[PDB]
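The structure appears right after this line, and notes come after that.
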Amino acid sequence: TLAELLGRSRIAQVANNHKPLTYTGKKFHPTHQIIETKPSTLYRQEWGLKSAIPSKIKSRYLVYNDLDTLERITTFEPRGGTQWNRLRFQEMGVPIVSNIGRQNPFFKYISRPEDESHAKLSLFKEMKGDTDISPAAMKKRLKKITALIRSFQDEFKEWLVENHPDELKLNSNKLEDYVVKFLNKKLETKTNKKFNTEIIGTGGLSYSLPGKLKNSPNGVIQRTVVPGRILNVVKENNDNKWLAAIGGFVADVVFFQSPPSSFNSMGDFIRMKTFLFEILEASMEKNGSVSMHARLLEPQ
Amino acid sequence: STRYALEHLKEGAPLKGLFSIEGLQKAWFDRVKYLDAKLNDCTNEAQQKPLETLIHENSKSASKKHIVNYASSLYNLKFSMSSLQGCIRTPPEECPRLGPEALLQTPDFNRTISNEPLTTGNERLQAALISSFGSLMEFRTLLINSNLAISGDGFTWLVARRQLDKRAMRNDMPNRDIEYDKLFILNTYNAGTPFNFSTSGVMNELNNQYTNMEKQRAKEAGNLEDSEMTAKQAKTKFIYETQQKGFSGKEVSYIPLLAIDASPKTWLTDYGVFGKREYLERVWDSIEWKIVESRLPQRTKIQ
Amino acid sequence: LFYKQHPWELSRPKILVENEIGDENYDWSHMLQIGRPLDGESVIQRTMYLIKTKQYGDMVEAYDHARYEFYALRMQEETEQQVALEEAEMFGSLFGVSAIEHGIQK
Amino acid sequence: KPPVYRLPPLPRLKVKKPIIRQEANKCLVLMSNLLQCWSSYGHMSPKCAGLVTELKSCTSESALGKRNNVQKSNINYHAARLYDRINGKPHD
Amino acid sequence: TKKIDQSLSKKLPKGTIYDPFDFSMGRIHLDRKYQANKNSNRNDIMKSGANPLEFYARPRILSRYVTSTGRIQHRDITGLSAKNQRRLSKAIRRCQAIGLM
Amino acid sequence: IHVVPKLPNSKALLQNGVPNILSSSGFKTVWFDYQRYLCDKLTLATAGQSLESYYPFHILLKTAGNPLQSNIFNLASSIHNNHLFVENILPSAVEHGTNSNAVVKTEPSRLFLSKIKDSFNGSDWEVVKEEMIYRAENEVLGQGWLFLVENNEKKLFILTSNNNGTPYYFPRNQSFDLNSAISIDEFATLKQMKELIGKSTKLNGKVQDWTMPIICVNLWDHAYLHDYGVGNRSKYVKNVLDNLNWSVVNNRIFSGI
């Protein structure tokens, strides 16, 4: 049918997005899907959207929100520059590593309940992970849940007197433990936030596995040298490290011992010059940012 | 040439599960005969010195390259077949040949594992692999994918960086000098060697000859240097050096532990044009981890 | 969900211009298909095939199964490109401007 | 939530007095600095030598220097061209 | 001179991605134009769901919605809903009558 | 989708291979299997991108200057090179399937033999063939390609590539193997090439090269192993150069009419 075809169409494949096309806050990862048109289609203003893109647009990449609007225009920005940030990261050949030594999210590992010993930490995270929830929809998590949990009273009024009667007659320190486990055991079958929207690992920035060496005609590369730019002429206030702009990413640069004298000389125009850096490590934070650490390699 | 013979490779017998009889002939016997002849037709010391000696003696010289190309091709090929024992998988000559559909199959190297080192007693090798690669599924994926990527001739090596970048009294204590900091995977192409101590700096050395020769011809012409040839050559030299330095010093060597051959000569006869990944899967299930654990140096516990 | 979990997949350019919807002969028993790129849509269609064939019951389980197949294919491509560049430089390939250099000039 | 205010149908969309930016003359600012330099270090002081040299070059041919002394706004041309398309008026 | 006004230079945060356009003056001007107090909601008690009339005895919180002379700010400035603006103004007027604000 | 081109007289090729060079099994490996392998990989690499609508020759030129598209470049170069090799070694370019023609006597043209003498200091075609066989054995340790190319100066010269090296674009000829040792003369050639690529003003850092191939010989294991075996690649190159289709090779030399 036409409905089945539409669901699989290339326009349907792009997930709905109404995020501001002009965002002036902190950008940590791509927010809009880049759309690309071939040169032949660009010559005919064809982008696979509802309407022809204005001929003024010479780029072959754009990002859009709405196919059409009440203003009879498409809401789009003729830019595709997050792809070059990803490709420049690939050229630096620095694998993303976990600073906490967690399991690789891209491998199906056999995990155990080692961290499941915090059942009361996360079972209540469902009601306590409400940092940005409505004052009454969050309050609907109190009566709606109370009835659901209160429907298991008979089950827990028999299991507890049949599996741990001593605790019911001695102390509740262990009873509370049996309660946290009971709900989770009766909730694993349930589907509360069965889909987790948190970023998985690198988020797609890099699928490179650590360990491989870079062979070169001049031997194996031991230190990665990448051109960059120093943004500030004074270390980040309250931090012992300056900031550099390397390959579309802002990194924290650690200097060997001293800061080169071009800093004082250049001053606030230090960003006008290019220095050579060494990328020590690259980490991923939960906000979806990349924590790139560099080192200002100076001619010596 | 018994000097290039292995006890598990017998003419007329197939390495069960990886090579057939016709595939082991072409892959190893018919191939060592050619390489040996070429090495005996370039240097008269072939039957006198060890292969690894020729590789590290006639290196960095453009006039002896053919002695080192054939010498290092026969070394890599022996080091590759040495760690292979076979598998219980159906013989390659009795299985149907993979066709174009193979290119569309999803590799399952991130969900399952098989023939792990620890399962055979090599517990020190499994711990090292987990420490350097994170896990044995990551290592297997990074090892099979790196070889599959190689288009033509080459080898995927499991190496161990030597923590003796001091260069003082180097190669004088077969234990104090045999210490490995971390394990790595390295790809070599055609007749490239996995050591890196006998071939590093080569381009930097040749680059400095070229600049000096050009600088001396400029002096004959009578020129006032240049605005950015002294700043460009300097940068090219400063990068060439900073990219070959070690943690402490600039003597970074590697100890071969394993080697998988990527050359089509090895796998084209038995597995066909579409069966390189099938070959690499059966190679992983045919590695005797005892031989690899044996080659493993002792950990450098400076920590 | 997929693009919320993998924000950088958005940075991979997508072509919305169709070729011929009627020619698509896809067997979603496998993720790779001749004629279309490997992308988020490959995962979604694989998930639907799993739930349609009843191999998995919960959509989440089918989705996770498809995601891992996607990671494996993405890792094999990241290595084929890195190795291809390395192998070419080792045989004397020369390149004018790298991506990092292009950004510096701009 | 930010309140959108929608206009009624209008006979025109026009800015009465479009704001055009007018860049400053480089000779006038050069003169303004030299005059200040003389106010601190003194008139003819050797510290203002460069200012004097620059001012002379700026004003050598034209006292206000050669400048792109023209700039007009096009907002009213575009506003009148696009108003019917973007006003969101219902169909006839 | 080795110094530039802060209004003429953009400081790129750490961990963020950037484009070449982020070093231009257009970025500076664009950031000024689209500079709104959107982070107030997370720091705005009255935009959280609390009833502003419960703060009639807490002049410190109420003093965040009046000018230097005590004039209640228009809803255009506070950004509150009609109900919260209505309740907040009542709280302030009651606070003034009690002798606290 | 990139599909394997149909070859003239394909039924004969699938039964009796290429007479005097490859057998039926040998030709199935080099073309019917390897060309399918390359095209499928190219389709997977380029599907969904702008490169999907371009022929392999244009893809390699478009991607020749992009370091991270080398994988696509390699596939496009191999696909173009393989059909250049299979085309000049083919019994007949015209489809005599219904004409059952068994008399195809093609010989070097006068323009080809005139440019050979001019460019090789009077050497004959037979001597040049010996130089080509020698160059392949000493310059291509592993996989690669042997080309007889013509440059902008009307001079025919011999170019060898390692793995998938294009003859059209000198920065990607891959004629020097840097895994082994290089002489100061080879480093000078590489250094001079790097300087030429740096003189270009284009933001894509691309240069102009008008070299064009005339003869192509596949030196990959997919073409000779099954029929000749390890070490007998010089016997394979000799047979290829002796049984070339000169109706195709002559047409590749620009005449100007």
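Residue numbering restarts at 1 in every chain; chains get A, B, ... in the order shown in the structure tokens, and ligands count up from 1 in that same order.
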TODO: Determine which residues of chain D receive a DSSP assignment of alpha helix (DSSP H), computed from the backbone, and state them as a ChimeraX atom specification.
DONE: /D:26-41,49-59,75-86
TODO: Could the residues of chain F within 10 Å of chain C, counting only C-alpha atoms, be given as an MDAnalysis selection string, please?
DONE: chainID F and resid 1:2 40:50 52 64:74 161:165 170:180 190 193:200 202:207
Open item on the list: Quick check: residues of chain A within 9 Å of chain D, only C-alpha atoms, returned as a list in words.
Closed with: residues 70, 71, 72 and 73 of chain A
- [ ] With a distance cut-off of 7 Å and only C-alpha atoms, select the neighbouring residues of range 9-15 of chain B, excluding the residue or stretch itself and same-chain residues fewer than 4 positions from it, and output the selection as a ChimeraX atom specification.
- [x] /B:19-21,24-25,86
TODO: Write out as a ChimeraX atom specification which residues come within 12 Å of residue 261 in chain A when counting only C-alpha atoms, dropping same-chain ones fewer than 4 positions away.
DONE: /A:233,265-267,270,298
Output file for the selection above: N, CA and C atoms, as a compact mmCIF listing (two decimals), in the first residue's frame:
# COMPACT_ATOMS: atom_id res chain seq x y z
N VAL A 233 45.52 33.25 25.82
CA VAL A 233 46.91 33.54 26.17
C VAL A 233 47.14 33.42 27.67
N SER A 265 54.09 37.44 23.65
CA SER A 265 54.29 38.32 22.51
C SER A 265 52.99 38.52 21.73
N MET A 266 52.33 37.42 21.35
CA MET A 266 51.12 37.53 20.54
C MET A 266 49.97 38.12 21.35
N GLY A 267 49.76 37.62 22.56
CA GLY A 267 48.70 38.12 23.42
C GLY A 267 47.35 37.53 23.07
N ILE A 270 46.86 35.18 19.86
CA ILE A 270 47.58 33.91 19.83
C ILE A 270 46.88 32.91 18.93
N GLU A 298 56.76 21.69 21.01
CA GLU A 298 57.45 22.88 20.56
C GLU A 298 58.77 22.51 19.88
Open item on the list: Near chain C, meaning an atom within 7 Å, which residues of chain B appear when counting only C-alpha atoms? Write them as a PyMOL selection string.
Closed with: chain B and resi 104-107+110+145-146+149-150
Only C-alpha atoms, please: the residues just picked out, written as a PDB file, in the first residue's frame.
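Ended up saving to part-v9.pdb:
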ATOM      1  CA  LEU B 104      26.629  -9.683   2.717  1.00  0.00           C
ATOM      2  CA  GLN B 105      27.026 -11.847   5.836  1.00  0.00           C
ATOM      3  CA  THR B 106      27.381 -10.053   9.153  1.00  0.00           C
ATOM      4  CA  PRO B 107      30.529 -10.989  11.108  1.00  0.00           C
ATOM      5  CA  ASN B 110      31.682  -9.083  18.726  1.00  0.00           C
ATOM      6  CA  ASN B 145      39.681  -7.100  10.606  1.00  0.00           C
ATOM      7  CA  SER B 146      43.212  -5.715  10.286  1.00  0.00           C
ATOM      8  CA  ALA B 149      41.640  -4.973   5.269  1.00  0.00           C
ATOM      9  CA  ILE B 150      45.028  -5.728   3.684  1.00  0.00           C
TER      10      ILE B 150
END
Task: residue 240 in chain F surroundings by only C-alpha atoms, 12 Å radius, close-in-sequence under 5 positions cut, as a list in words - done: residues 18, 19, 20, 21, 22, 85, 86, 87, 88, 89, 90, 91, 129, 132, 133, 146, 215, 216, 217, 218, 219, 223, 224, 233, 234, 235, 245 and 246 of chain F
Open item on the list: With 10 Å as the limit and counting only C-alpha atoms, what residues in chain A lie close to chain E? Please list them as a ChimeraX atom specification.
Closed with: /A:22-30,81-82,84-86,131-136,231-233,236,242-252,263-271,283-285,287-293
Can you spit out the residues from that selection as a short mmCIF file (atom, residue, chain, number, x, y, z; two decimals), in the first residue's frame, using N, CA and C atoms?
data_model
loop_
_atom_site.label_atom_id
_atom_site.label_comp_id
_atom_site.auth_asym_id
_atom_site.auth_seq_id
_atom_site.Cartn_x
_atom_site.Cartn_y
_atom_site.Cartn_z
N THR A 22 19.41 27.47 14.79
CA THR A 22 20.38 28.47 15.23
C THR A 22 20.50 28.33 16.75
N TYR A 23 21.49 27.56 17.18
CA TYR A 23 21.74 27.31 18.60
C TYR A 23 23.06 27.97 18.99
N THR A 24 23.03 28.75 20.07
CA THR A 24 24.20 29.51 20.52
C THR A 24 24.75 28.99 21.84
N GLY A 25 24.26 27.87 22.34
CA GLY A 25 24.80 27.27 23.54
C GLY A 25 26.01 26.41 23.24
N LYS A 26 26.29 25.49 24.15
CA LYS A 26 27.44 24.60 24.02
C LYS A 26 27.06 23.41 23.15
N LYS A 27 27.83 23.18 22.09
CA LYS A 27 27.59 22.08 21.17
C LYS A 27 28.61 20.98 21.44
N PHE A 28 28.12 19.78 21.76
CA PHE A 28 28.97 18.64 22.05
C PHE A 28 28.89 17.54 21.00
N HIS A 29 27.84 17.51 20.20
CA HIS A 29 27.66 16.48 19.19
C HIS A 29 26.65 16.98 18.17
N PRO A 30 26.53 16.31 17.02
CA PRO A 30 25.57 16.75 16.01
C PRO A 30 24.13 16.68 16.53
N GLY A 81 28.71 20.82 8.37
CA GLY A 81 30.05 20.84 8.90
C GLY A 81 30.37 19.89 10.03
N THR A 82 29.39 19.17 10.58
CA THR A 82 29.72 18.19 11.61
C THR A 82 30.36 16.94 11.02
N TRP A 84 32.83 16.99 8.86
CA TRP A 84 34.26 17.23 8.80
C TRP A 84 34.91 17.11 10.17
N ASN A 85 34.15 17.39 11.23
CA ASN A 85 34.66 17.17 12.58
C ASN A 85 34.88 15.68 12.84
N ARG A 86 33.95 14.84 12.39
CA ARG A 86 34.10 13.40 12.57
C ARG A 86 35.25 12.86 11.74
N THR A 131 14.74 15.04 37.63
CA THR A 131 15.31 16.38 37.74
C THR A 131 14.46 17.41 37.01
N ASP A 132 14.02 17.08 35.79
CA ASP A 132 13.32 18.03 34.94
C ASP A 132 11.91 17.54 34.59
N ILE A 133 11.15 17.10 35.59
CA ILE A 133 9.81 16.58 35.39
C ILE A 133 8.80 17.57 35.94
N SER A 134 7.61 17.57 35.33
CA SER A 134 6.51 18.47 35.68
C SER A 134 6.19 18.36 37.17
N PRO A 135 5.62 19.40 37.79
CA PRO A 135 5.27 19.32 39.21
C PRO A 135 4.08 18.43 39.51
N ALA A 136 3.29 18.06 38.50
CA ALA A 136 2.13 17.21 38.69
C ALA A 136 2.21 15.91 37.92
N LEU A 231 43.80 29.06 21.98
CA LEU A 231 42.72 30.05 21.98
C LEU A 231 43.02 31.19 22.94
N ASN A 232 43.38 30.87 24.17
CA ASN A 232 43.63 31.87 25.20
C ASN A 232 45.13 32.04 25.43
N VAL A 233 45.52 33.25 25.82
CA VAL A 233 46.91 33.54 26.17
C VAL A 233 47.14 33.42 27.67
N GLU A 236 43.23 28.51 31.44
CA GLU A 236 41.85 28.54 31.90
C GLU A 236 41.82 28.87 33.38
N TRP A 242 45.78 25.14 29.45
CA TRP A 242 45.22 26.04 28.46
C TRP A 242 44.23 25.28 27.57
N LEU A 243 43.65 25.99 26.60
CA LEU A 243 42.71 25.40 25.66
C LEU A 243 43.23 25.55 24.24
N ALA A 244 43.10 24.49 23.45
CA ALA A 244 43.52 24.48 22.06
C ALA A 244 42.35 24.06 21.18
N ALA A 245 42.42 24.45 19.91
CA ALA A 245 41.42 24.12 18.90
C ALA A 245 42.07 23.20 17.88
N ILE A 246 41.86 21.89 18.03
CA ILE A 246 42.50 20.88 17.20
C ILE A 246 41.41 20.11 16.46
N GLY A 247 41.38 20.25 15.14
CA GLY A 247 40.51 19.41 14.31
C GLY A 247 39.04 19.52 14.62
N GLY A 248 38.54 20.72 14.88
CA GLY A 248 37.14 20.90 15.19
C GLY A 248 36.75 20.51 16.59
N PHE A 249 37.73 20.30 17.48
CA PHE A 249 37.48 19.97 18.87
C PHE A 249 38.33 20.88 19.75
N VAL A 250 37.81 21.21 20.93
CA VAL A 250 38.53 22.01 21.90
C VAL A 250 39.14 21.07 22.93
N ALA A 251 40.46 21.08 23.02
CA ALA A 251 41.21 20.18 23.89
C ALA A 251 41.89 20.96 25.01
N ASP A 252 42.32 20.22 26.03
CA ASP A 252 43.11 20.77 27.13
C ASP A 252 44.58 20.45 26.87
N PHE A 263 53.45 33.34 23.34
CA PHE A 263 52.21 33.61 24.05
C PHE A 263 52.18 35.07 24.49
N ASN A 264 53.10 35.44 25.37
CA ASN A 264 53.16 36.83 25.83
C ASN A 264 53.27 37.79 24.65
N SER A 265 54.09 37.44 23.65
CA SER A 265 54.29 38.32 22.51
C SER A 265 52.99 38.52 21.73
N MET A 266 52.33 37.42 21.35
CA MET A 266 51.12 37.53 20.54
C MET A 266 49.97 38.12 21.35
N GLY A 267 49.76 37.62 22.56
CA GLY A 267 48.70 38.12 23.42
C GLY A 267 47.35 37.53 23.07
N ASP A 268 46.36 38.39 22.83
CA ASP A 268 45.01 37.93 22.51
C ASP A 268 44.87 37.51 21.06
N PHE A 269 45.91 37.68 20.25
CA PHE A 269 45.93 37.21 18.87
C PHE A 269 46.66 35.88 18.74
N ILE A 270 46.86 35.18 19.86
CA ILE A 270 47.58 33.91 19.83
C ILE A 270 46.88 32.91 18.93
N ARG A 271 45.56 32.99 18.82
CA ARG A 271 44.82 32.08 17.96
C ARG A 271 45.17 32.25 16.49
N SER A 283 38.79 10.83 25.73
CA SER A 283 37.78 10.20 26.56
C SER A 283 36.40 10.72 26.16
N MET A 284 35.37 10.00 26.61
CA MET A 284 33.99 10.36 26.35
C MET A 284 33.26 10.56 27.67
N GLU A 285 32.62 11.72 27.82
CA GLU A 285 31.84 12.02 29.01
C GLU A 285 30.36 11.70 28.76
N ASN A 287 27.73 13.56 29.06
CA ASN A 287 27.02 14.59 28.30
C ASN A 287 27.12 14.38 26.80
N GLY A 288 27.96 13.45 26.35
CA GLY A 288 28.20 13.24 24.94
C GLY A 288 29.35 14.04 24.37
N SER A 289 30.16 14.67 25.21
CA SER A 289 31.33 15.41 24.77
C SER A 289 32.54 14.50 24.70
N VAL A 290 33.58 14.97 24.02
CA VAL A 290 34.85 14.27 23.91
C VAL A 290 35.90 15.07 24.68
N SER A 291 36.57 14.40 25.62
CA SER A 291 37.59 15.03 26.45
C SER A 291 38.95 14.71 25.84
N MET A 292 39.43 15.62 24.99
CA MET A 292 40.69 15.43 24.28
C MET A 292 41.80 16.15 25.03
N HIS A 293 42.86 15.42 25.37
CA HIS A 293 44.02 15.96 26.06
C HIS A 293 45.19 16.00 25.09
#
Open item on the list: Within 8 Å of chain F, which residues belong to chain A? Use only C-alpha atoms and report them as a list in words.
Closed with: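 The contacting residues on chain A are residues 37, 38, 39, 91 and 217 of chain A.
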Open item on the list: as a ChimeraX atom specification, please: the residues near residue 6 in chain B (cut-off 9 Å, only C-alpha atoms, same-chain neighbours under 4 positions excluded).
Closed with: /B:2,10,78,81-82
For chain E, which residues have at least one atom within 10 Å of chain D, if we go by only C-alpha atoms? Write them as a PDB file with N, CA and C atoms, in the first residue's frame, please.
ATOM      1  N   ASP E  76       5.837  40.242  30.520  1.00  0.00           N
ATOM      2  CA  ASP E  76       6.749  40.192  29.382  1.00  0.00           C
ATOM      3  C   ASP E  76       8.190  39.988  29.826  1.00  0.00           C
ATOM      4  N   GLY E  79       8.320  36.304  32.265  1.00  0.00           N
ATOM      5  CA  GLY E  79       8.130  35.091  31.499  1.00  0.00           C
ATOM      6  C   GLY E  79       7.268  34.054  32.177  1.00  0.00           C
ATOM      7  N   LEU E  80       6.515  34.442  33.201  1.00  0.00           N
ATOM      8  CA  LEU E  80       5.680  33.501  33.926  1.00  0.00           C
ATOM      9  C   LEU E  80       4.362  33.279  33.192  1.00  0.00           C
ATOM     10  N   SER E  81       3.694  32.186  33.545  1.00  0.00           N
ATOM     11  CA  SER E  81       2.339  31.956  33.072  1.00  0.00           C
ATOM     12  C   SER E  81       1.389  32.980  33.687  1.00  0.00           C
TER      13      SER E  81
END
Return as JSON lines the residues of chain A lying at most 9 Å from chain B, together with the closest atom-to-atom pair for each and the distance in Å to one decimal, counting only C-alpha atoms, with rows in chain order and ascending residue number.
{"residue": "A:101", "atom": "CA", "partner": "B:134", "partner_atom": "CA", "distance": 8.9}
{"residue": "A:103", "atom": "CA", "partner": "B:134", "partner_atom": "CA", "distance": 8.1}
{"residue": "A:104", "atom": "CA", "partner": "B:134", "partner_atom": "CA", "distance": 8.1}
{"residue": "A:106", "atom": "CA", "partner": "B:110", "partner_atom": "CA", "distance": 7.6}
{"residue": "A:107", "atom": "CA", "partner": "B:110", "partner_atom": "CA", "distance": 5.1}
{"residue": "A:108", "atom": "CA", "partner": "B:111", "partner_atom": "CA", "distance": 5.0}
{"residue": "A:109", "atom": "CA", "partner": "B:111", "partner_atom": "CA", "distance": 7.3}
{"residue": "A:208", "atom": "CA", "partner": "B:142", "partner_atom": "CA", "distance": 8.8}
{"residue": "A:209", "atom": "CA", "partner": "B:142", "partner_atom": "CA", "distance": 6.5}
{"residue": "A:210", "atom": "CA", "partner": "B:133", "partner_atom": "CA", "distance": 6.4}
{"residue": "A:211", "atom": "CA", "partner": "B:184", "partner_atom": "CA", "distance": 5.2}
{"residue": "A:212", "atom": "CA", "partner": "B:185", "partner_atom": "CA", "distance": 4.7}
{"residue": "A:213", "atom": "CA", "partner": "B:186", "partner_atom": "CA", "distance": 5.3}
{"residue": "A:214", "atom": "CA", "partner": "B:186", "partner_atom": "CA", "distance": 7.3}
{"residue": "A:215", "atom": "CA", "partner": "B:187", "partner_atom": "CA", "distance": 7.0}
{"residue": "A:216", "atom": "CA", "partner": "B:200", "partner_atom": "CA", "distance": 9.0}
{"residue": "A:217", "atom": "CA", "partner": "B:203", "partner_atom": "CA", "distance": 6.8}
{"residue": "A:218", "atom": "CA", "partner": "B:203", "partner_atom": "CA", "distance": 5.1}
{"residue": "A:219", "atom": "CA", "partner": "B:200", "partner_atom": "CA", "distance": 4.3}
{"residue": "A:220", "atom": "CA", "partner": "B:196", "partner_atom": "CA", "distance": 6.5}
{"residue": "A:221", "atom": "CA", "partner": "B:243", "partner_atom": "CA", "distance": 5.3}
{"residue": "A:222", "atom": "CA", "partner": "B:244", "partner_atom": "CA", "distance": 5.5}
{"residue": "A:223", "atom": "CA", "partner": "B:243", "partner_atom": "CA", "distance": 4.9}
{"residue": "A:224", "atom": "CA", "partner": "B:243", "partner_atom": "CA", "distance": 6.4}
{"residue": "A:225", "atom": "CA", "partner": "B:243", "partner_atom": "CA", "distance": 6.9}
{"residue": "A:276", "atom": "CA", "partner": "B:239", "partner_atom": "CA", "distance": 8.8}
{"residue": "A:297", "atom": "CA", "partner": "B:242", "partner_atom": "CA", "distance": 8.4}
{"residue": "A:299", "atom": "CA", "partner": "B:238", "partner_atom": "CA", "distance": 6.6}
{"residue": "A:300", "atom": "CA", "partner": "B:238", "partner_atom": "CA", "distance": 8.0}
May I have the selected residues written with N, CA and C atoms, as a CSV table (one decimal), in the first residue's frame?
chain,number,residue,atom,x,y,z
A,101,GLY,N,37.4,2.6,32.8
A,101,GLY,CA,37.6,1.2,32.5
A,101,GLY,C,36.4,0.3,32.5
A,103,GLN,N,33.3,-1.8,30.4
A,103,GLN,CA,33.2,-2.7,29.3
A,103,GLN,C,32.9,-1.9,28.0
A,104,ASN,N,33.4,-2.4,26.9
A,104,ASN,CA,33.1,-1.8,25.6
A,104,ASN,C,31.7,-1.9,25.2
A,106,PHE,N,30.1,-1.6,22.5
A,106,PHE,CA,29.9,-2.1,21.2
A,106,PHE,C,30.1,-3.7,21.1
A,107,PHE,N,30.3,-4.3,22.3
A,107,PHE,CA,30.5,-5.7,22.3
A,107,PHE,C,29.5,-6.3,23.3
A,108,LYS,N,28.9,-7.5,22.9
A,108,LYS,CA,27.9,-8.1,23.7
A,108,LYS,C,28.6,-9.0,24.8
A,109,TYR,N,28.9,-8.3,25.9
A,109,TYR,CA,29.6,-8.9,27.0
A,109,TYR,C,28.6,-9.6,27.9
A,208,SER,N,36.8,2.7,16.2
A,208,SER,CA,38.2,2.2,16.2
A,208,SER,C,38.5,1.5,17.5
A,209,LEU,N,39.0,0.3,17.4
A,209,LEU,CA,39.4,-0.5,18.6
A,209,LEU,C,40.8,-0.1,19.0
A,210,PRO,N,41.1,0.1,20.3
A,210,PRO,CA,42.5,0.4,20.7
A,210,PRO,C,43.4,-0.8,20.5
A,211,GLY,N,44.6,-0.5,20.3
A,211,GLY,CA,45.7,-1.5,20.2
A,211,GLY,C,46.5,-1.5,19.0
A,212,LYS,N,46.0,-1.0,17.8
A,212,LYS,CA,46.7,-1.1,16.6
A,212,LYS,C,47.7,0.0,16.5
A,213,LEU,N,48.9,-0.4,15.9
A,213,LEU,CA,50.0,0.6,15.6
A,213,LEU,C,49.9,1.1,14.2
A,214,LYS,N,50.4,2.3,14.0
A,214,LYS,CA,50.4,3.0,12.7
A,214,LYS,C,51.7,2.8,12.0
A,215,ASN,N,51.8,2.0,11.0
A,215,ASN,CA,53.0,1.8,10.3
A,215,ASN,C,53.1,3.0,9.3
A,216,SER,N,54.4,3.4,9.1
A,216,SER,CA,54.7,4.5,8.2
A,216,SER,C,56.0,4.2,7.5
A,217,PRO,N,56.3,4.8,6.4
A,217,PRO,CA,57.6,4.6,5.7
A,217,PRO,C,58.8,4.9,6.6
A,218,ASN,N,58.6,5.8,7.5
A,218,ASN,CA,59.7,6.2,8.5
A,218,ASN,C,59.6,5.4,9.8
A,219,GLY,N,58.9,4.2,9.8
A,219,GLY,CA,58.8,3.4,11.0
A,219,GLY,C,57.4,3.6,11.6
A,220,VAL,N,57.3,2.8,12.7
A,220,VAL,CA,56.0,2.9,13.4
A,220,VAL,C,55.9,4.2,14.1
A,221,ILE,N,54.7,4.8,14.0
A,221,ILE,CA,54.4,6.1,14.6
A,221,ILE,C,54.2,5.9,16.1
A,222,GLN,N,54.9,6.6,17.0
A,222,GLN,CA,54.8,6.4,18.4
A,222,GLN,C,54.0,7.6,19.0
A,223,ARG,N,54.0,8.8,18.4
A,223,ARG,CA,53.4,9.9,18.9
A,223,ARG,C,52.7,10.6,17.8
A,224,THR,N,51.4,10.9,18.0
A,224,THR,CA,50.6,11.6,16.9
A,224,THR,C,50.7,13.1,17.0
A,225,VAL,N,51.2,13.7,15.9
A,225,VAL,CA,51.4,15.1,15.8
A,225,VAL,C,50.3,15.7,14.9
A,276,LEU,N,52.1,22.9,16.8
A,276,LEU,CA,52.0,21.4,16.7
A,276,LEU,C,51.7,20.8,18.1
A,297,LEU,N,53.7,20.3,21.5
A,297,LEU,CA,55.0,20.0,21.0
A,297,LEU,C,55.6,21.3,20.4
A,299,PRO,N,59.1,23.2,18.8
A,299,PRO,CA,60.4,22.9,18.2
A,299,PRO,C,61.6,23.0,19.2
A,300,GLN,N,62.4,22.0,19.2
A,300,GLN,CA,63.5,21.9,20.2
A,300,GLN,C,64.8,21.5,19.6
Task: 8 Å contact set for residue 37 in chain F, only C-alpha atoms, chain neighbours under 4 positions out, as JSON, numbers by chain - done: {"B": [100, 273, 274], "F": [33, 41]}
Restricting the output to N, CA, C and O atoms, write the selected residues as a compact mmCIF listing (two decimals), in the first residue's frame.
# COMPACT_ATOMS: atom_id res chain seq x y z
N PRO B 100 29.33 -14.92 -4.02
CA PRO B 100 29.12 -13.48 -3.76
C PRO B 100 28.29 -13.20 -2.52
O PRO B 100 28.49 -12.16 -1.88
N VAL B 273 37.83 -16.69 -4.25
CA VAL B 273 37.92 -15.23 -4.27
C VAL B 273 37.13 -14.62 -3.12
O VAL B 273 37.49 -13.56 -2.60
N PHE B 274 36.04 -15.28 -2.70
CA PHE B 274 35.13 -14.73 -1.70
C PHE B 274 35.37 -15.28 -0.30
O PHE B 274 34.61 -14.96 0.61
N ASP F 33 34.62 -13.84 -11.12
CA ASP F 33 34.61 -13.84 -9.66
C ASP F 33 35.20 -12.56 -9.07
O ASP F 33 34.56 -11.91 -8.24
N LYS F 41 31.78 -4.84 -3.56
CA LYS F 41 32.40 -4.02 -2.53
C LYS F 41 32.32 -2.54 -2.86
O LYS F 41 32.11 -1.70 -1.97
